[PDB]
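S.K.: Structure incoming, see below.
Here the Cβ positions follow ideal geometry from the backbone for every residue, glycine too, while neighbour counts run over all protein chains shown. What is reported rests on the model, the rules as stated and the sources as named; no laboratory instrument gave them.
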Amino acid sequence: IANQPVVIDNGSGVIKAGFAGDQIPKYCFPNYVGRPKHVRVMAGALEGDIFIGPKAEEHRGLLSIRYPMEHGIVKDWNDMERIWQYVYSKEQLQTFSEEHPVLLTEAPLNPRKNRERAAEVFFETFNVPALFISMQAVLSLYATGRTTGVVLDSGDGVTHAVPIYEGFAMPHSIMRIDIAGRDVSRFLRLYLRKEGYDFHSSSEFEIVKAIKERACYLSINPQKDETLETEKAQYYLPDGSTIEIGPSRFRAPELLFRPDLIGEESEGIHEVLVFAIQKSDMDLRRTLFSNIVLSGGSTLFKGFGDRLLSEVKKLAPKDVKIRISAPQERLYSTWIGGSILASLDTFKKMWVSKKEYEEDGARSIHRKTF
Amino acid sequence: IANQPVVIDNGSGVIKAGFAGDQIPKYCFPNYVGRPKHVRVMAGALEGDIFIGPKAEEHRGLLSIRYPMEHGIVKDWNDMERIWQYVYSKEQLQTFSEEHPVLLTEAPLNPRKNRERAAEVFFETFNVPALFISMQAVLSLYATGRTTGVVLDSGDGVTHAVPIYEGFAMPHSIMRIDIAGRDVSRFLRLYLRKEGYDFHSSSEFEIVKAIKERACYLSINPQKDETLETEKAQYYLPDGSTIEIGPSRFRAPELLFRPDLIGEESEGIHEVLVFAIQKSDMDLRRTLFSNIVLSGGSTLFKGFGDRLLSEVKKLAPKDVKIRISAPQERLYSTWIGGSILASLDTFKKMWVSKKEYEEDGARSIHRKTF
Amino acid sequence: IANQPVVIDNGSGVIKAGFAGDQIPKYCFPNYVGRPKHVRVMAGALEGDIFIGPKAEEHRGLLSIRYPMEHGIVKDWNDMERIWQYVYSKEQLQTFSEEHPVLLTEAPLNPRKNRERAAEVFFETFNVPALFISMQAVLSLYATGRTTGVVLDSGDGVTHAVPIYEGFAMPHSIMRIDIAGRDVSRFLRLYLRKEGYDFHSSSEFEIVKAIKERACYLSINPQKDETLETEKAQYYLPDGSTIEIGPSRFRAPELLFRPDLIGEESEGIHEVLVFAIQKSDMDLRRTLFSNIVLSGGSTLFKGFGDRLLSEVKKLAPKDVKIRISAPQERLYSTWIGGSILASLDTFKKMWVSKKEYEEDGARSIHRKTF
Amino acid sequence: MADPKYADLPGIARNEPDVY
Ligand SMILES: Nc1ncnc2c1ncn2[C@@H]1O[C@H](COP(=O)(O)OP(=O)(O)O)[C@@H](O)[C@H]1O
Ligand SMILES: Nc1ncnc2c1ncn2[C@@H]1O[C@H](COP(=O)(O)OP(=O)(O)O)[C@@H](O)[C@H]1O
Ligand SMILES: Nc1ncnc2c1ncn2[C@@H]1O[C@H](COP(=O)(O)OP(=O)(O)O)[C@@H](O)[C@H]1O
């Protein structure tokens, strides 16, 4: 039973889905399970009471949105099961879980208990013939067509750097922080309360993400922007009310480089990228500096790569050629590589079959991933 | 026992009744109990001494009229029991109370003691098999065919704006004010005494309602009409004596928008419509502005809808699509939706049965309405 | 110029005033401006046309009251200028603003624009020699004499919990809600209308506060109190008409614990207290649990601290010593600590002088507070 | 002490019992 396998790029913010050997993921929607805040009195209302995908994006104001997945660590399993059931349902894919093998994605250095429970869901609740969990950094390199390179990515949950050299991922040189898009949006929300405009509700949180996506830019010199007075640019909400954002728009994404602002003494994106290159072997460092691949959502800030370069110029050894490559399709780079990995003939050897899982269990899944 | 159920659209000014699945209510009559002032010396007179419906409208001058219901809250319960008995009697419906289920209507945010006392009357004095109390806003949307939209209504009793988005009524955004048609008619009478043509008797009060219905208009700019001098247009009374109305015609319905004139600091219709939309969540506000439904008799003033839009343009955020829709039969809006709701098969599940009331009591009625 | 400084404890509900180095504030009055509704035909009336303090409390019925501050955020700046002028005037303090340094108070995480405009008022309109702004939690701990303490406060506007440990206020562990005494009083008013007794005017609103202050208690188990039938206790108005309160007395303060009753998903008082301790560092949690201090007026409900213990026992880790402390003088705890802070010799270093304000501006005020 | 509002018999604090 070797049908066209399904690639599901998991993540805290957004969940991409689709079939192998496609150019772009056709089925992208945000990873959350909205449930109604108000009491349905009238008949002919929205049926079901559990809303995932575009219906949730259309009817945000009704639904109390809550995310099941934080920092690449699923908290609520019942919600993730309903999301994966929605992916496979007739509203999006129009296929059965029994036909196709699955390609799953997870962030590196996650809990092994979550990986086991992920496999239990796909093998037992859904009746998948073969599952395969893989890393995001390896898939991003598949999408670019490279073999060498450090992979700085920044989704909604996790920011991590994986140094890989000619198809040799170094697990001990991996760095990781739990400071990413969601924490930047949460830090922006807190700053807008200091400005004046509060967005306390859970549906109203999605407005802060929309402000962060559109109206934010990373300044090169933060001390110079702090001394100067801002212009206070405007932004229109979904209602119509105007909002002067002020200095919060540039100070909000600075969380990624300075994680002491939120109150969590970590490295930062630029330090993680240097640390990953430093922890790797001496002869590989110069090739790892030249090949740096960007990915995820929080790399799409304005002047992000300019600041990332300037930070590497500050930290790294002098007279060394830095190159921070960035594709066009940075959000879908992790999915595209999965679709490439799925299409290859080697894919049949990498996966965990259903029969193999029934015999061994979790140990076979831990062996095949690494 | 599932007979063709009775709809009783309750109201302070007018009461409308009939059966389920009918196009228009056949039995529309005013909600009051006229009792004779004068002594009956001569034989062959009007018998009964308690007049309801067309007999009371025909013989106004004899009868000391008194309304049992003020602001959707019955004070005189004995009179409402006599009205409901008159509805069921051979003079109007020609049916038994024991056969048919009842669809009663009440305004939102009323006293719960009146709701229990309403149920006691229908279950014990009349022997109803099944009763159901509903809201005026939900029924108006059933009549139109929509699910979305704010329902601004203004009868003789209450003015209230209930925001409902896709079959989800929000109970904490329901605005209400006791400033409706009866208070406008009372304010018109007080103005006509200032003009010269005073009225005092209860039969004579209904002439002021007839003046309010016919010869009144809401100006767009009230300050401009105040500076200009009126023409003093005429109106002929039921007797024959002419009355030059003057500025009392246009300043009377201004009470609905300016409740400071009668001497009671409340919101007003236009503020209630905006406040109900503003109390809801951010994403639903623009859809609630696009769908505004008018209802009741006090929305039928000349230039009322034009003034409502001007007030919404003033208060609401700029560059938003406003649309104040309405039915053709604005007085029969709530009844038609009830007749639709009654004829649905789900109506059997919604109601409070007689057996369920005898077991539980008031708690089961408070569990089924809201 | 170092005279005996003034301690203005701001707040939406009540404004306390007086001099430094005192046991209790001499000048306590509610924070609102009263202006007359009606016309003054007869001479020898109450002069001024603006009523603040005991005159406004005495003559409520005339005055259309309006609160300048909502949730520790002054909306009407002209009204607060009149109140602060009234505080300084001969009717209360009997002193000039030019002599004494000022100690101002604000809730944490407020708009910075309001803090700037507050400083502008005290430095420009009034001619203050030196101003200092402080937090509620730091002042509450000064009054008790502690350094370690989580300060769960609950005023009229804001509820929050700042976790301080040995003179180290953690700014990122601060949890805040805009649900407090005013919203509970507004929620009680809505229930009383559902019971039967309607209140609408601003003078009439303060009766609902007086009912909330007197006859309200927090049930230890709300589901048990729901299933049981209440006793329906009585209360006498200034008019003399009796009011059966019923279940609304115990259900009103449930807004503090369940903020889903008003229809606005927040954390709640008990969750804010736990979340503030959880957001702080690992080793500080057990000391923060042991030192939980209460303050503000909405902590004075009957069985509030008993229920707040039970909620902490439900949420927090098992076998930990919980101690919710609460002084005799909870209402004036914030003022007492300000008077103690003002009396100390370090106070001269912390403040912002008028000369320093004229040179730098708003930036110097933002630097000195944090 | 002097002033309008006080609470009589709440106690200063509510504490859980200390185990060994
Ligand atoms: N143009 C943008 N600029 C900055 N941040 C963005 C942009 N677009 C999306 N984001 C943020 O990044 C997230 C999307 O990144 P994604 O790679 O899908 O993360 P994950 O794979 O973990 O779901 C969104 O949740 C959003 O908060
Ligand atoms: N054409 C009209 N213009 C102005 N007011 C009207 C008009 N027709 C009726 N009214 C007023 O509105 C009331 C009818 O509204 P309705 O919603 O039926 O009241 P109820 O609360 O009794 O249901 C009447 O009592 C009358 O005072
Ligand atoms: N004994 C009491 N019981 C319940 N609530 C009270 C009591 N005393 C005061 N309150 C409430 O607390 C508020 C005053 O608290 P306070 O701490 O002075 O607020 P702020 O300092 O923000 O003005 C009042 O508005 C009142 O509603």
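S.K.: Which residues, taken from the stretch C:138-176, are among the hydrophobic types (A, V, I, L, M, F, W, C), within 14 Å of chain A (Cβ to nearest Cβ) and more than 13 Å from ligand 3 (Cβ to nearest atom)?
M.R.: Matches in the stretch C:138-176: C:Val162, C:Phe168, C:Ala169, C:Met170, C:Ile174, C:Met175.
S.K.: Select the strands (runs of 3 or more DSSP E) contained entirely in the stretch A:2-58, then report the ones holding at least 2 residues which are crowded, with 21+ Cβ neighbours inside 10 Å, more than 16 Å from ligand 2 (Cβ to nearest atom) and not β-branched (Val, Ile, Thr).
M.R.: Numbers: elements: A:6-9, A:14-19, A:27-30.
Those strands (runs of 3 or more DSSP E) span A:14-19.
S.K.: If B:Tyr236 satisfies every condition in (1) in contact with a helix residue (DSSP H, G or I) (Cβ under 7 Å, 6 or more places away or on another chain); (2) away from every other protein chain (no Cβ under 14 Å); (3) among the aromatic types (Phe, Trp, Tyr) but one, which is the exception?
M.R.: Here B:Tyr236 meets the rest and fails (1).
S.K.: Right, something else. Of (1) surrounded by fewer than 22 Cβ atoms within 10 Å (Cβ to Cβ); (2) more than 14 Å from chain A (Cβ to nearest Cβ); (3) at negative phi, B:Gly196 satisfies all except one. Which?
M.R.: (3)
S.K.: Identify all residues within the stretch C:97-117 that are of a type in the set (A, V, I, L, M, F, W, C) and either assigned to a loop (DSSP other than H, G, I, E, B) or within 14 Å of chain A (Cβ to nearest Cβ) (or both); write none if there are none.
M.R.: Passing the criteria: C:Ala107, C:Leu109.
S.K.: Which one of A:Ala143, A:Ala130 is in the same structural domain as A:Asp76 (by CATH), of a type in the set (A, V, I, L, M, F, W, C), in contact with a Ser or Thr (Cβ under 8 Å, 6 or more places away or on another chain) and surrounded by 18 or more Cβ atoms within 10 Å (Cβ to Cβ)?
M.R.: A:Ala130
S.K.: Here's a follow-up. Give the residues of the stretch B:344-367 that are in a helix (DSSP H, G or I) and either under 23 Å from the mean Cα position of the chain (by Cα) or within 11 Å of chain A (Cβ to nearest Cβ) (or both), sorted by residue number.
M.R.: Across the stretch B:344-367, the qualifying residues are B:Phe347, B:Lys349, B:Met350, B:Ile365, B:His366.
S.K.: Tell me the residue from C:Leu309, C:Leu331, C:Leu341, C:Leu300 that is aliphatic (A, V, I, L, M), away from ligand 2 (no atom under 16 Å from the Cβ), surrounded by 17 or more Cβ atoms within 10 Å (Cβ to Cβ) and without any contact (Cβ under 8 Å) to a residue 24 or more places away in the chain, please. Even if it seems obvious, please write down each step before you answer.
M.R.: Numbers: C:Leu331 fails: without any contact (Cβ under 8 Å) to a residue 24 or more places away in the chain; C:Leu341 fails: without any contact (Cβ under 8 Å) to a residue 24 or more places away in the chain; C:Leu300 fails: without any contact (Cβ under 8 Å) to a residue 24 or more places away in the chain.
From the options C:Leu309, C:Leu331, C:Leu341, C:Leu300, the qualifying one is C:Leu309.
S.K.: Related question: When the residues of the stretch C:273-297 are filtered to those that are away from ligand 3 (no atom under 16 Å from the Cβ) and within 13 Å of chain D (Cβ to nearest Cβ), which remaining residue is surrounded by the most Cβ atoms within 10 Å (Cβ to Cβ)? Even if it seems obvious, please write down each step before you answer.
M.R.: First pass over the stretch C:273-297, keeping only residues away from ligand 3 (no atom under 16 Å from the Cβ): C:273-292.
Subsequent filtering for residues that are within 13 Å of chain D (Cβ to nearest Cβ) retains C:286, C:289-292.
Details: C:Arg286: 12, C:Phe289: 21, C:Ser290: 17, C:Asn291: 20, C:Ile292: 27.
Ranking the candidates gives C:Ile292 first.
S.K.: How many residues does the stretch A:187-200 contain that are in contact (Cβ under 8 Å) with a residue 24 or more places away in the chain and basic (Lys, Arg)? Break it down stepwise before answering.
M.R.: Going residue by residue through the stretch A:187-200, those that are in contact (Cβ under 8 Å) with a residue 24 or more places away in the chain are A:187-188, A:191-192, A:194-195, A:197.
Add one more test, that the residue is basic (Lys, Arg), and what stays is A:194.
Total satisfying the criteria: 1.
S.K.: Ok, one more. Which members of the stretch B:313-324 meet the condition of being surrounded by 15 or more Cβ atoms within 10 Å (Cβ to Cβ), within 12 Å of another protein chain (Cβ to nearest Cβ) and in contact (Cβ under 8 Å) with a residue 24 or more places away in the chain? So that I can check it myself, show each step before the final result.
M.R.: We begin by selecting, within the stretch B:313-324, every residue surrounded by 15 or more Cβ atoms within 10 Å (Cβ to Cβ); these are B:316-317, B:320, B:324.
Now restrict to residues that are within 12 Å of another protein chain (Cβ to nearest Cβ): B:316-317, B:320.
Within the stretch B:313-324, B:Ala316, B:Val320 qualify.
S.K.: Can you pull out the residues in the stretch A:284-325 that are touching a strand residue (DSSP E or B) at 6+ places or on another chain (Cβ under 6 Å), closer than 20 Å to A:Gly11 by Cα and assigned to a loop (DSSP other than H, G, I, E, B)?
M.R.: Across the stretch A:284-325, the qualifying residues are A:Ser298, A:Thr299.
S.K.: Okay, moving on. Among (1) within 20 Å of the chain's Cα centre (by Cα); (2) not assigned by CATH to the domain that holds B:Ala161, there is one condition B:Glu271 misses while meeting the rest; what is its number?
M.R.: For B:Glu271, the exception is condition (2).
S.K.: In the list A:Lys90, A:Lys55, which residue meets the criterion of being more than 16 Å from ligand 3 (Cβ to nearest atom), within 14 Å of chain B (Cβ to nearest Cβ) and closer than 30 Å to B:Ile164 by Cβ?
M.R.: A:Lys55
S.K.: Can you tell me which residues in the stretch C:225-240 are surrounded by 11 or more Cβ atoms within 10 Å (Cβ to Cβ) and either outside the structural domain of C:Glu254 (by CATH) or in contact (Cβ under 8 Å) with a residue 24 or more places away in the chain (or both)?
M.R.: Within the stretch C:225-240, C:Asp225, C:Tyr235, C:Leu237 meet the criteria.
S.K.: Could I ask something else about it? What pairs come out if I take residues in the stretch C:245-269 that are more than 14 Å from chain B (Cβ to nearest Cβ) and closer than 23 Å to A:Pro36 by Cα and pair them with residues that are of a type in the set (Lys, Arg) and surrounded by fewer than 18 Cβ atoms within 10 Å (Cβ to Cβ) whose C-beta lies under 9 Å away, six or more apart or interchain?
M.R.: Hits for this filter: C:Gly268/C:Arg258.
S.K.: Please state which of the following conditions B:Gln328 fails to meet, knowing it meets all the rest: (1) in contact with a strand residue (DSSP E or B) (Cβ under 7 Å, 6 or more places away or on another chain); (2) in a loop (DSSP other than H, G, I, E, B); (3) over 30 Å from A:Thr242 (Cα atoms).
M.R.: Of everything listed in (1) in contact with a strand residue (DSSP E or B) (Cβ under 7 Å, 6 or more places away or on another chain); (2) in a loop (DSSP other than H, G, I, E, B); (3) over 30 Å from A:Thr242 (Cα atoms), B:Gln328 misses just condition (1).
S.K.: Another question about this same structure. Mind checking whether some residue in the stretch C:126-142 is over 30 Å from C:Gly268 (Cβ atoms) and either charged (D, E, K, R) or within 21 Å of the chain's Cα centre (by Cα) (or both)?
M.R.: yes
S.K.: Can you tell me how many residues in the stretch C:62-87 are part of a loop (DSSP other than H, G, I, E, B) and more than 14 Å from every other protein chain (Cβ to nearest Cβ)?
M.R.: Residues meeting the conditions: 3.
S.K.: Given the conditions (1) away from ligand 3 (no atom under 16 Å from the Cβ); (2) buried (at least 20 other Cβ atoms within 10 Å of the Cβ); (3) among the aliphatic types (A, V, I, L, M), which single one is not true for C:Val74?
M.R.: So the condition that C:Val74 fails would be (1).
S.K.: Now a separate question. Please go through (1) in a loop (DSSP other than H, G, I, E, B); (2) touching a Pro at 6+ places or on another chain (Cβ under 6 Å) for C:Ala276 and return the number of the only condition it doesn't satisfy.
M.R.: Among (1) in a loop (DSSP other than H, G, I, E, B); (2) touching a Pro at 6+ places or on another chain (Cβ under 6 Å), C:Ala276 violates only (1).
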